[PDB]
Amino acid sequence: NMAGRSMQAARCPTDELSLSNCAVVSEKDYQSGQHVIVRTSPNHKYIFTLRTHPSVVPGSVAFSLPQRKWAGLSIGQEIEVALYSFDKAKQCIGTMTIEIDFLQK
Amino acid sequence: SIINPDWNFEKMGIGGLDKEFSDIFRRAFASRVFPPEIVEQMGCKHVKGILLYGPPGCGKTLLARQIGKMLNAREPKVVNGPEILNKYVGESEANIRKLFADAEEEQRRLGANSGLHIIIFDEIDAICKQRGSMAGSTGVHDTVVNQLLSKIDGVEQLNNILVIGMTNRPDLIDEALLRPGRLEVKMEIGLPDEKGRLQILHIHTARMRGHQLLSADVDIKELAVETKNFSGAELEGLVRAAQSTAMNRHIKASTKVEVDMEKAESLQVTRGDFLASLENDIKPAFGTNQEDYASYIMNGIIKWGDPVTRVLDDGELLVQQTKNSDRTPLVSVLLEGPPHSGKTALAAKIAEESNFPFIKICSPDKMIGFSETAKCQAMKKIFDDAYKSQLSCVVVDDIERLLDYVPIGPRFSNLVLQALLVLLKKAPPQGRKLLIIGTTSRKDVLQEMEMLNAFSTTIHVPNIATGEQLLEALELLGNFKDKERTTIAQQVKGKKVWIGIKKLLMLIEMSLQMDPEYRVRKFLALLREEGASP
Amino acid sequence: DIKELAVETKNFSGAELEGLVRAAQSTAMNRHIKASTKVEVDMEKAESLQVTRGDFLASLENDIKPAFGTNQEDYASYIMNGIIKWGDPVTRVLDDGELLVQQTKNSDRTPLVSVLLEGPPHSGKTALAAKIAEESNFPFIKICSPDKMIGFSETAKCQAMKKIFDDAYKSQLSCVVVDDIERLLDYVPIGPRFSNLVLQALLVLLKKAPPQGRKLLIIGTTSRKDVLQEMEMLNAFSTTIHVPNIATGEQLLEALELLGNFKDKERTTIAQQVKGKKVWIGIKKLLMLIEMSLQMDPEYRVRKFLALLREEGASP
Amino acid sequence: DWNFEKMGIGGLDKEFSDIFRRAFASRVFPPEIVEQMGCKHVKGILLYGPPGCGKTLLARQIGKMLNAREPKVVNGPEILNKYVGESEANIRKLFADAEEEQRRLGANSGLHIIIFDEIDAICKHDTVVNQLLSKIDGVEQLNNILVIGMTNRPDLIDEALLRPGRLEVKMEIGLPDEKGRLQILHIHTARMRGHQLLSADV
Ligand SMILES: Nc1ncnc2c1ncn2[C@@H]1O[C@H](COP(=O)(O)OP(=O)(O)OP(=O)(O)O)[C@@H](O)[C@H]1O
Ligand SMILES: Nc1ncnc2c1ncn2[C@@H]1O[C@H](COP(=O)(O)OP(=O)(O)OP(=O)(O)O)[C@@H](O)[C@H]1O
Ligand SMILES: Nc1ncnc2c1ncn2[C@@H]1O[C@H](COP(=O)(O)OP(=O)(O)O)[C@@H](O)[C@H]1O
Ligand SMILES: Nc1ncnc2c1ncn2[C@@H]1O[C@H](COP(=O)(O)OP(=O)(O)O)[C@@H](O)[C@H]1O
Ligand SMILES: [Mg+2]
Ligand SMILES: [Mg+2]
Ligand SMILES: [Mg+2]
């Protein structure tokens, strides 16, 4: 886990987890609340937060459609997942600016 | 090296030319300052000619006028190149005689204690040009140079004359006017760098800072940073537009316009004015044009498979090598594939993501009806404009439409092919960089022409070749819902397809005008005809 | 010393030995000028005026460029990254070059000499002719290349070539390089198509001797030799030299060691794979594949280099 | 805050404002303040578009708000009549009507608008182009002049004239959209509607 392991991208299992914006993983592989980094190539890394759902088969990670479009992930493709640790003394966020629009026209 | 006189250029109104001025003065004016005594004891004659070349708007005439005023002299005359040819013999000779007359009169009246009479030409690459050798179709025959040559040096020569010539095309000047004894010093004025832009901006906003008409949030370093490949005559236009924007807020519209007279007491120029003027008004001519990334990348770029990422990764490595390598200043690449596979959009995206300050596209859309003799000139000009920048990028679209290739015979242009073969292996001057991209759909023909030994590498843009990739593309476009997606996958997933992205979009658009219960069958009917077996 | 200045100004006209003196004088008077309001003469710096050697040397290096001399800033875009000894076929070429250079100067019964450099594309022929010419110390050297004649017509290239040759019959020992002979003829395999007006002028200018007592050497480079042989152009030359590709693993490793790019521990991994086969790659393409593989992360450079080499540079 | 209905122009809201801001916004301020800034006026504009879309109407209605004199209309083909002396001199007899006001009162002059139609064959002849370029730009020129050009073919126009210092403002006046047609119809049937001469059916 800490070193990094190969995983298979999957589809988000439930709408609630899709709205949670957290990658869905299996309990046997990780735990809820843990943050990971997903590598798709040498210059392509993305940080995600994990949530555990029973329906996820071991050895695969599920992402919602927005996550796949943002990270350029394709279902069935291989990725590298490595446990990620935050520096809370510095990386704790105070303010975010977010551009919001209607999801559906 | 040479100990130079100490000047300050903030009081003269010139910025960035800290070396051209020095050498010009040393080689053309360091002997007109000394007293005539030592000049006679040395017997040293005077330089009576200078040539200046560079892109427009970079401050050549300003330098000539300032130099003329520095050495107390009369108001310099002025002439134009193409103007003098508007007439024929018996009319232009009188015009020539009407320039040096005062100099001759003063030389007669005074002798060796006269005053310098500067003369300023313009576009001197027209009269002094027999170079009609270019282009299969071009002819020139002129005799206007010889009278000027005779006047400059020879019989009844004048010791109190000085001719300064200016041009934008240094390679069209005849070599008869450059020999030692007539136009002997040469200089180039180029685009300024960041320090020069800072100096120019500090010079052009000095009369408002005196009267406290400049706000406190206006920082000039950021303005210098944000204006890349700007001339000296466009920073002035930027300041003028930023001034005219602020004077509009203090006008009241009535039967006849008049000033506010109450909010006109705090007339200040703000950062907002400068930012708005940079977004709307000024458009540099050696900068990136952002109106050409909406006509080519029309429907974005979606990731339908693995091959759509290798291309982008390879394009990034080539950009990072044309910017960080010193053993390879010029690189080339060719994008190839079957028709409708999406080659122009990817090249445009790579160019846009490059981030270079100069980006240009050469397309056959702008040359409808042209002959080859004009296509060569257009392409050569597009390439010439790219050597004035320290980082460039040029795209060449539809290489097979430039040569006029038709399979019957076959036919093509052998005057464009050779020029294109020679321009792909010519490096830029000094230490400047360059990157060329090119898109084609017929690689075998290009191979038979020995045109693949000019490029450095190649990239293959493939078609959709599996059911899973087609389903992924449909899901990403988001047009057919799950009920119909299952039906589509129950049939397509059992075979292999051969379809481009452009054709897929066309088919999806065509099969959406039918009634809601026939669309899924119409789509498959169209797909079967277009491609279902390679 | 005026005697020493008469041995450095070779092929100078009389009207340039006058400009040299004027430039030196103007340089000498710059050290004694001042400008505060408007340029005015310093009244204590115009007395100890002494034109010195340094001014002459500076003016000779920077300001004066004879029209019948060697333009020492034009064989600098051709020999770009240098010359290195990856194998044997380099010394052979560089030695035949000096033998011909000595023949053209110490021989009385052959005032004209020609040579042709031919080989596969990208093998380093344009950067070898320039080196062979640069080390001859002839007063006159010129290069005729096709990239200064873009857009010209057939009748406008003959005039340019003939002018380049006519300027060389005014010097006591000359040298001319004709580059990319196949781009002057406008040759395209489809057809074929070419210019029969330039070919017939070239076939004649290669045999005409200069005036009595003068000497000339000509060097030409090409890559499609099988075409020039059907044109009967191989009878106009006196000799030919073959510039080869790299063709063994040991030569590749020696070439890599002299460029100094991959580490000692990164050169054993390459040697293990490469030293089990033969290769076919030119020195201009082995510098494009060592700059694309250095833009990767430090842990994937060797793999990328080997993949690039395999994809293109297989056996002949 | 313009009242476009009263002026008599509809469907041109972002063109009038931009033209006024860029070319005319400095000529309604006292010379004293304009001297403290160093600003220089603009002496050229180029308007192009289909024929009969409201380019002369705009030019003449913007020159009356400033309270200037009548614009001096001139045609393109007319100028090139025979040769130099009848055309070049005829060129001289246009800026001449205003060449005096500057040599009498200089600054505080009014502003002479010199409309100039076609401008697409005159500058493909070369005599007129050179004379005009020297008149507007150069060492000798008037600061109480504004030249407005109109064309229907934008590309043929030369590039030596579209540079800073020369004509440096370009505007396109195209066909109106739905709202433009609505506003034009509202403007052009206002007199009748006030006299109850327009039926309720309309
Ligand atoms: N990888 C991609 N993913 C999604 N859409 C794409 C992709 N590449 C291109 N497109 C879009 O599909 C169309 C591609 O057409 P394009 O102009 O690239 O055609 P082309 O390959 O040059 O064809 P032609 O043979 O007609 O010259 C454009 O709408 C572009 O936005
Ligand atoms: N030993 C060497 N011999 C030749 N060139 C070398 C050598 N070492 C390095 N180089 C460099 O390799 C490059 C090859 O030279 P060059 O580009 O002139 O080749 P070429 O055979 O003329 O190519 P092309 O077929 O494109 O005309 C040049 O940069 C040259 O400086
Ligand atoms: N280096 C510079 N420093 C300050 N101003 C400059 C500079 N170069 C150009 N300008 C401005 O551009 C204007 C016109 O430039 P000009 O010298 O006519 O261009 P060109 O050299 O093409 O004739 C001048 O009024 C001047 O204020
Ligand atoms: N935007 C507009 N609003 C009102 N009337 C207009 C408008 N545009 C054109 N017109 C009318 O149509 C005619 C336009 O003529 P004119 O502007 O001189 O044509 P051109 O564009 O060839 O100069 C005039 O009668 C004018 O009243
Ligand atoms: Mg295309
Ligand atoms: Mg070569
Ligand atoms: Mg009109």
# chains A, B, ... in the order shown; residues from 1 in each chain; ligands from 1

call {"tool": "residues_near_ligand", "arguments": {"ligand": "ligand 3", "cutoff": "8 Å", "atoms": "only C-alpha atoms and all ligand atoms", "output": "PyMOL selection string"}}
result
(chain B and resi 13-17+55-63+192+196+199-200+203-204+231-234+236) or (chain D and resi 165)

call {"tool": "residues_around", "arguments": {"residues": "segment 110-122 of chain D", "least_positions_apart": "5", "cutoff": "9 Å", "atoms": "only C-alpha atoms", "output": "PyMOL selection string"}}
result
chain D and resi 27+56+59-60+63+67-77+79-80+94-95+98+101+128-129+143-154+156-158

call {"tool": "write_last_selection", "arguments": {"atoms": "N, CA, C and O atoms", "output": "compact mmCIF listing (two decimals), in the first residue's frame"}}
result
# COMPACT_ATOMS: atom_id res chain seq x y z
N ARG D 27 -11.91 64.62 -27.15
CA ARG D 27 -12.16 65.91 -27.78
C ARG D 27 -13.30 66.68 -27.13
O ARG D 27 -13.82 67.63 -27.72
N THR D 56 -23.07 55.82 -42.56
CA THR D 56 -23.08 57.27 -42.70
C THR D 56 -24.01 57.92 -41.68
O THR D 56 -23.71 59.00 -41.16
N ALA D 59 -22.05 58.13 -38.55
CA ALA D 59 -20.97 59.11 -38.63
C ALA D 59 -21.51 60.53 -38.52
O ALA D 59 -20.91 61.38 -37.84
N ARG D 60 -22.62 60.82 -39.19
CA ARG D 60 -23.19 62.16 -39.15
C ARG D 60 -23.91 62.47 -37.85
O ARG D 60 -23.96 63.64 -37.45
N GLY D 63 -21.11 63.27 -35.14
CA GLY D 63 -20.42 64.54 -35.32
C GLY D 63 -21.25 65.76 -35.00
O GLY D 63 -20.69 66.86 -34.92
N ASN D 67 -21.17 69.14 -31.55
CA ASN D 67 -21.43 70.51 -31.99
C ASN D 67 -20.32 71.00 -32.92
O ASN D 67 -19.77 72.08 -32.75
N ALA D 68 -20.00 70.17 -33.91
CA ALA D 68 -19.02 70.51 -34.93
C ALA D 68 -19.72 70.97 -36.20
O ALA D 68 -20.95 71.01 -36.28
N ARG D 69 -18.92 71.33 -37.20
CA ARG D 69 -19.47 71.75 -38.48
C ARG D 69 -19.88 70.54 -39.31
O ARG D 69 -19.62 69.39 -38.95
N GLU D 70 -20.54 70.81 -40.42
CA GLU D 70 -21.08 69.74 -41.25
C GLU D 70 -19.94 68.87 -41.78
O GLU D 70 -18.89 69.39 -42.17
N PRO D 71 -20.11 67.55 -41.82
CA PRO D 71 -19.10 66.70 -42.47
C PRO D 71 -18.99 67.03 -43.95
O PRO D 71 -19.96 67.39 -44.61
N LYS D 72 -17.77 66.88 -44.48
CA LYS D 72 -17.48 67.15 -45.88
C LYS D 72 -17.38 65.82 -46.61
O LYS D 72 -16.35 65.14 -46.54
N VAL D 73 -18.46 65.44 -47.30
CA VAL D 73 -18.53 64.16 -47.99
C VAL D 73 -17.66 64.20 -49.23
O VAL D 73 -17.55 65.23 -49.91
N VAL D 74 -17.02 63.07 -49.54
CA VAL D 74 -16.20 62.93 -50.73
C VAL D 74 -16.31 61.50 -51.23
O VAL D 74 -16.44 60.55 -50.44
N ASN D 75 -16.28 61.33 -52.55
CA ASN D 75 -16.37 60.03 -53.18
C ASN D 75 -14.99 59.54 -53.60
O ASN D 75 -14.05 60.31 -53.76
N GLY D 76 -14.89 58.22 -53.78
CA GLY D 76 -13.65 57.61 -54.18
C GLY D 76 -13.37 57.74 -55.66
O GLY D 76 -12.39 58.35 -56.08
N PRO D 77 -14.25 57.16 -56.48
CA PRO D 77 -14.03 57.22 -57.94
C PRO D 77 -13.90 58.63 -58.48
O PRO D 77 -13.15 58.85 -59.44
N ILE D 79 -12.39 61.22 -57.37
CA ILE D 79 -11.10 61.88 -57.20
C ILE D 79 -10.17 61.54 -58.36
O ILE D 79 -9.48 62.41 -58.90
N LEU D 80 -10.13 60.27 -58.76
CA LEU D 80 -9.26 59.82 -59.85
C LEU D 80 -9.97 60.11 -61.17
O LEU D 80 -10.58 59.24 -61.79
N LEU D 94 -9.52 70.00 -50.22
CA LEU D 94 -10.48 69.36 -49.28
C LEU D 94 -9.99 69.63 -47.87
O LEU D 94 -10.77 70.20 -47.08
N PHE D 95 -8.75 69.28 -47.57
CA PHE D 95 -8.14 69.55 -46.25
C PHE D 95 -7.88 71.04 -46.18
O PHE D 95 -7.77 71.55 -45.05
N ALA D 98 -9.96 73.55 -44.12
CA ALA D 98 -9.68 73.51 -42.66
C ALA D 98 -8.19 73.69 -42.38
O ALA D 98 -7.82 73.67 -41.20
N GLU D 101 -8.00 77.30 -40.35
CA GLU D 101 -8.42 77.49 -38.94
C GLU D 101 -7.24 77.24 -38.00
O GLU D 101 -7.15 77.97 -37.00
N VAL D 128 -2.43 59.45 -55.02
CA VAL D 128 -3.41 59.80 -54.01
C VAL D 128 -3.06 59.16 -52.68
O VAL D 128 -3.17 59.80 -51.62
N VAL D 129 -2.65 57.89 -52.70
CA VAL D 129 -2.31 57.20 -51.46
C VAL D 129 -1.15 57.91 -50.77
O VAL D 129 -1.18 58.16 -49.56
N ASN D 143 -3.99 68.96 -36.61
CA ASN D 143 -4.50 68.31 -35.41
C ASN D 143 -6.00 68.54 -35.22
O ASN D 143 -6.54 68.17 -34.18
N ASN D 144 -6.67 69.13 -36.21
CA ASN D 144 -8.10 69.38 -36.17
C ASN D 144 -8.80 68.66 -37.31
O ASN D 144 -9.68 69.20 -37.98
N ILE D 145 -8.40 67.41 -37.55
CA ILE D 145 -8.89 66.62 -38.67
C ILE D 145 -9.20 65.21 -38.18
O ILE D 145 -8.47 64.66 -37.35
N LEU D 146 -10.29 64.64 -38.70
CA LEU D 146 -10.63 63.25 -38.44
C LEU D 146 -11.17 62.64 -39.72
O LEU D 146 -12.18 63.10 -40.25
N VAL D 147 -10.50 61.60 -40.21
CA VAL D 147 -10.82 60.96 -41.48
C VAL D 147 -11.54 59.65 -41.19
O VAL D 147 -11.06 58.84 -40.40
N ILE D 148 -12.69 59.45 -41.84
CA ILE D 148 -13.49 58.25 -41.70
C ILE D 148 -13.59 57.57 -43.06
O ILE D 148 -13.96 58.22 -44.05
N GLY D 149 -13.26 56.29 -43.10
CA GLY D 149 -13.27 55.52 -44.33
C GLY D 149 -14.34 54.44 -44.29
O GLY D 149 -14.66 53.90 -43.23
N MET D 150 -14.90 54.14 -45.46
CA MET D 150 -15.92 53.10 -45.60
C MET D 150 -15.60 52.24 -46.82
O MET D 150 -15.12 52.74 -47.84
N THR D 151 -15.78 50.94 -46.66
CA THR D 151 -15.49 49.94 -47.71
C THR D 151 -16.53 48.83 -47.62
O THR D 151 -17.22 48.81 -46.62
N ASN D 152 -16.66 47.96 -48.63
CA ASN D 152 -17.58 46.79 -48.62
C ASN D 152 -16.75 45.52 -48.74
O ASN D 152 -17.31 44.46 -48.43
N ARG D 153 -15.49 45.63 -49.17
CA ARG D 153 -14.55 44.48 -49.27
C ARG D 153 -13.40 44.76 -48.30
O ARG D 153 -12.55 45.62 -48.62
N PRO D 154 -13.32 44.08 -47.14
CA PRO D 154 -12.30 44.40 -46.14
C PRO D 154 -10.87 43.94 -46.42
O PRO D 154 -9.98 44.61 -45.95
N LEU D 156 -9.02 43.37 -49.52
CA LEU D 156 -8.28 44.17 -50.53
C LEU D 156 -7.59 45.33 -49.83
O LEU D 156 -6.57 45.77 -50.35
N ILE D 157 -8.10 45.84 -48.70
CA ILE D 157 -7.48 47.02 -48.11
C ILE D 157 -6.02 46.73 -47.81
O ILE D 157 -5.66 45.66 -47.31
N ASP D 158 -5.16 47.70 -48.12
CA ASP D 158 -3.73 47.55 -47.92
C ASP D 158 -3.42 47.39 -46.43
O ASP D 158 -4.24 47.66 -45.55

call {"tool": "closest_atom_pairs", "arguments": {"of": "chain B", "to": "ligand 2", "cutoff": "10 Å", "atoms": "only C-alpha atoms and all ligand atoms", "output": "JSON lines"}}
result
{"residue": "B:327", "atom": "CA", "partner": "ligand 2", "partner_atom_place_in_ligand_line": "29 (O)", "distance": 8.0}
{"residue": "B:328", "atom": "CA", "partner": "ligand 2", "partner_atom_place_in_ligand_line": "29 (O)", "distance": 8.8}
{"residue": "B:425", "atom": "CA", "partner": "ligand 2", "partner_atom_place_in_ligand_line": "26 (O)", "distance": 7.5}
{"residue": "B:453", "atom": "CA", "partner": "ligand 2", "partner_atom_place_in_ligand_line": "26 (O)", "distance": 7.6}
{"residue": "B:454", "atom": "CA", "partner": "ligand 2", "partner_atom_place_in_ligand_line": "26 (O)", "distance": 7.3}
{"residue": "B:455", "atom": "CA", "partner": "ligand 2", "partner_atom_place_in_ligand_line": "26 (O)", "distance": 9.7}
{"residue": "B:456", "atom": "CA", "partner": "ligand 2", "partner_atom_place_in_ligand_line": "26 (O)", "distance": 10.0}

call {"tool": "write_last_selection", "arguments": {"atoms": "N, CA, C and O atoms", "output": "JSON list (two decimals), in the first residue's frame"}}
result
[["chain", "number", "residue", "atom", "x", "y", "z"],
["B", 327, "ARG", "N", 21.72, 21.35, -28.26],
["B", 327, "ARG", "CA", 22.27, 20.55, -29.36],
["B", 327, "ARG", "C", 21.22, 20.37, -30.44],
["B", 327, "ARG", "O", 21.58, 19.80, -31.45],
["B", 328, "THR", "N", 19.96, 20.80, -30.25],
["B", 328, "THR", "CA", 18.89, 20.54, -31.25],
["B", 328, "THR", "C", 17.90, 21.70, -31.31],
["B", 328, "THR", "O", 16.72, 21.44, -31.07],
["B", 425, "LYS", "N", 14.70, 22.11, -42.98],
["B", 425, "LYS", "CA", 16.05, 21.84, -42.47],
["B", 425, "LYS", "C", 16.90, 23.11, -42.46],
["B", 425, "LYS", "O", 18.10, 22.96, -42.58],
["B", 453, "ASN", "N", 12.49, 11.99, -44.95],
["B", 453, "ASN", "CA", 13.88, 12.12, -44.49],
["B", 453, "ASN", "C", 14.07, 13.56, -44.04],
["B", 453, "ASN", "O", 15.18, 13.85, -43.61],
["B", 454, "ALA", "N", 13.07, 14.44, -44.18],
["B", 454, "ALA", "CA", 13.12, 15.83, -43.72],
["B", 454, "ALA", "C", 12.62, 15.94, -42.29],
["B", 454, "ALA", "O", 13.17, 16.74, -41.59],
["B", 455, "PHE", "N", 11.62, 15.16, -41.88],
["B", 455, "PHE", "CA", 11.09, 15.20, -40.53],
["B", 455, "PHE", "C", 11.97, 14.39, -39.58],
["B", 455, "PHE", "O", 12.74, 13.52, -40.00],
["B", 456, "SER", "N", 11.86, 14.69, -38.29],
["B", 456, "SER", "CA", 12.66, 14.02, -37.27],
["B", 456, "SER", "C", 11.98, 12.79, -36.70],
["B", 456, "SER", "O", 12.67, 11.87, -36.24]]

call {"tool": "residues_around", "arguments": {"residues": "residue 324 of chain B", "least_positions_apart": "5", "cutoff": "10 Å", "atoms": "only C-alpha atoms", "output": "tab-separated table (two decimals) with N, CA, C and O atoms, in the first residue's frame"}}
result
chain	number	residue	atom	x	y	z
B	319	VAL	N	8.00	19.44	-27.04
B	319	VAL	CA	7.92	20.86	-26.58
B	319	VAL	C	9.03	21.09	-25.56
B	319	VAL	O	9.81	21.97	-25.79
B	329	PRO	N	18.27	22.90	-31.80
B	329	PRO	CA	17.35	24.05	-31.75
B	329	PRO	C	16.13	23.90	-32.63
B	329	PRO	O	15.13	24.60	-32.40
B	433	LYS	N	14.98	29.26	-31.12
B	433	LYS	CA	14.39	27.94	-31.25
B	433	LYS	C	13.23	27.97	-32.24
B	433	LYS	O	12.78	29.02	-32.69
C	291	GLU	N	18.60	13.06	-26.96
C	291	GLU	CA	17.98	14.24	-26.39
C	291	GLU	C	16.50	14.07	-26.11
C	291	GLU	O	15.96	14.80	-25.27
C	295	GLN	N	14.74	13.79	-21.58
C	295	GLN	CA	13.62	14.58	-21.09
C	295	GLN	C	12.67	13.77	-20.24
C	295	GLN	O	11.62	14.29	-19.83

call {"tool": "residues_near_ligand", "arguments": {"ligand": "ligand 5", "cutoff": "8 Å", "atoms": "only C-alpha atoms and all ligand atoms", "output": "PDB file with C-alpha atoms, in the first residue's frame"}}
result
ATOM      1  CA  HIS B 340     -11.479  11.518 -40.438  1.00  0.00           C
ATOM      2  CA  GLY B 342      -8.862  13.641 -35.864  1.00  0.00           C
ATOM      3  CA  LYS B 343      -5.394  14.933 -36.749  1.00  0.00           C
ATOM      4  CA  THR B 344      -5.929  18.700 -36.987  1.00  0.00           C
ATOM      5  CA  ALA B 345      -7.558  19.016 -33.561  1.00  0.00           C
ATOM      6  CA  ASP B 397      -2.099  21.567 -42.342  1.00  0.00           C
ATOM      7  CA  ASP B 398      -2.960  19.240 -45.217  1.00  0.00           C
ATOM      8  CA  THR B 439      -0.556  16.943 -40.739  1.00  0.00           C
ATOM      9  CA  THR B 440      -1.125  14.615 -43.695  1.00  0.00           C
TER      10      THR B 440
END

call {"tool": "residues_near_ligand", "arguments": {"ligand": "ligand 1", "cutoff": "8 Å", "atoms": "only C-alpha atoms and all ligand atoms", "output": "list in words"}}
result
residues 296, 297, 298, 299, 300, 301, 302, 303, 304, 308, 337, 338, 339, 340, 341, 342, 343, 344, 345, 346, 398, 439, 441, 501, 502 and 505 of chain B

call {"tool": "interface_residues", "arguments": {"of": "chain A", "to": "chain C", "cutoff": "12 Å", "atoms": "only C-alpha atoms", "output": "PDB file with N, CA, C and O atoms, in the first residue's frame"}}
result
ATOM      1  N   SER A  41       0.420   7.861 -15.311  1.00  0.00           N
ATOM      2  CA  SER A  41       1.635   7.954 -16.109  1.00  0.00           C
ATOM      3  C   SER A  41       2.676   8.712 -15.294  1.00  0.00           C
ATOM      4  O   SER A  41       2.369   9.188 -14.193  1.00  0.00           O
ATOM      5  N   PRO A  42       3.909   8.844 -15.784  1.00  0.00           N
ATOM      6  CA  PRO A  42       4.928   9.552 -14.993  1.00  0.00           C
ATOM      7  C   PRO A  42       4.518  10.959 -14.594  1.00  0.00           C
ATOM      8  O   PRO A  42       4.850  11.399 -13.486  1.00  0.00           O
ATOM      9  N   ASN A  43       3.806  11.680 -15.459  1.00  0.00           N
ATOM     10  CA  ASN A  43       3.435  13.066 -15.210  1.00  0.00           C
ATOM     11  C   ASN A  43       1.968  13.233 -14.823  1.00  0.00           C
ATOM     12  O   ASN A  43       1.457  14.357 -14.860  1.00  0.00           O
TER      13      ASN A  43
END

call {"tool": "atom_distance", "arguments": {"atom1": "atom CA of residue 37 of chain B", "atom2": "atom CA of residue 23 of chain B"}}
result
24.5 Å

call {"tool": "closest_atom_pairs", "arguments": {"of": "chain C", "to": "ligand 6", "cutoff": "8 Å", "atoms": "only C-alpha atoms and all ligand atoms", "output": "tab-separated table"}}
result
residue	atom	partner	partner_atom_place_in_ligand_line	distance
C:122	CA	ligand 6	1 (Mg)	7.8
C:124	CA	ligand 6	1 (Mg)	7.3
C:125	CA	ligand 6	1 (Mg)	6.0
C:126	CA	ligand 6	1 (Mg)	4.3
C:127	CA	ligand 6	1 (Mg)	7.5
C:179	CA	ligand 6	1 (Mg)	6.5
C:180	CA	ligand 6	1 (Mg)	6.0
C:221	CA	ligand 6	1 (Mg)	7.1
C:222	CA	ligand 6	1 (Mg)	7.5

call {"tool": "interface_residues", "arguments": {"of": "chain B", "to": "chain D", "cutoff": "6 Å", "atoms": "only C-alpha atoms", "output": "PDB file with N, CA, C and O atoms, in the first residue's frame"}}
result
ATOM      1  N   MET B 208       2.486  61.881 -16.454  1.00  0.00           N
ATOM      2  CA  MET B 208       1.337  61.775 -15.564  1.00  0.00           C
ATOM      3  C   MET B 208       1.753  61.525 -14.123  1.00  0.00           C
ATOM      4  O   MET B 208       1.032  61.922 -13.200  1.00  0.00           O
ATOM      5  N   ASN B 248     -13.482  58.460 -20.168  1.00  0.00           N
ATOM      6  CA  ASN B 248     -14.862  58.201 -20.558  1.00  0.00           C
ATOM      7  C   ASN B 248     -15.797  58.081 -19.362  1.00  0.00           C
ATOM      8  O   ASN B 248     -16.990  58.383 -19.488  1.00  0.00           O
ATOM      9  N   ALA B 253     -23.950  62.253 -20.487  1.00  0.00           N
ATOM     10  CA  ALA B 253     -24.619  62.251 -21.783  1.00  0.00           C
ATOM     11  C   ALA B 253     -25.927  63.024 -21.665  1.00  0.00           C
ATOM     12  O   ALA B 253     -26.816  62.645 -20.895  1.00  0.00           O
ATOM     13  N   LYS B 256     -26.224  67.551 -25.427  1.00  0.00           N
ATOM     14  CA  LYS B 256     -24.872  67.664 -25.955  1.00  0.00           C
ATOM     15  C   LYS B 256     -23.895  67.312 -24.846  1.00  0.00           C
ATOM     16  O   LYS B 256     -24.032  67.795 -23.718  1.00  0.00           O
TER      17      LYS B 256
END

call {"tool": "interface_residues", "arguments": {"of": "chain A", "to": "chain B", "cutoff": "10 Å", "atoms": "only C-alpha atoms", "output": "list in words"}}
result
residues 41, 42, 43, 65, 68, 69, 72, 73, 74, 75 and 77 of chain A

call {"tool": "write_last_selection", "arguments": {"atoms": "C-alpha atoms", "output": "PDB file, in the first residue's frame"}}
result
ATOM      1  CA  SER A  41       1.635   7.954 -16.109  1.00  0.00           C
ATOM      2  CA  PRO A  42       4.928   9.552 -14.993  1.00  0.00           C
ATOM      3  CA  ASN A  43       3.435  13.066 -15.210  1.00  0.00           C
ATOM      4  CA  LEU A  65     -18.013   9.817 -14.075  1.00  0.00           C
ATOM      5  CA  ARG A  68     -12.981   9.725 -14.652  1.00  0.00           C
ATOM      6  CA  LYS A  69     -13.434  12.815 -16.828  1.00  0.00           C
ATOM      7  CA  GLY A  72      -8.841  10.958 -17.767  1.00  0.00           C
ATOM      8  CA  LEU A  73      -9.518   7.489 -16.352  1.00  0.00           C
ATOM      9  CA  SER A  74     -11.136   4.717 -18.396  1.00  0.00           C
ATOM     10  CA  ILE A  75     -12.960   1.730 -16.932  1.00  0.00           C
ATOM     11  CA  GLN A  77      -7.512   0.592 -17.347  1.00  0.00           C
TER      12      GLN A  77
END

call {"tool": "residues_near_ligand", "arguments": {"ligand": "ligand 4", "cutoff": "8 Å", "atoms": "only C-alpha atoms and all ligand atoms", "output": "ChimeraX atom specification"}}
result
/D:8-12,49-58,176,180,183-184,187-188
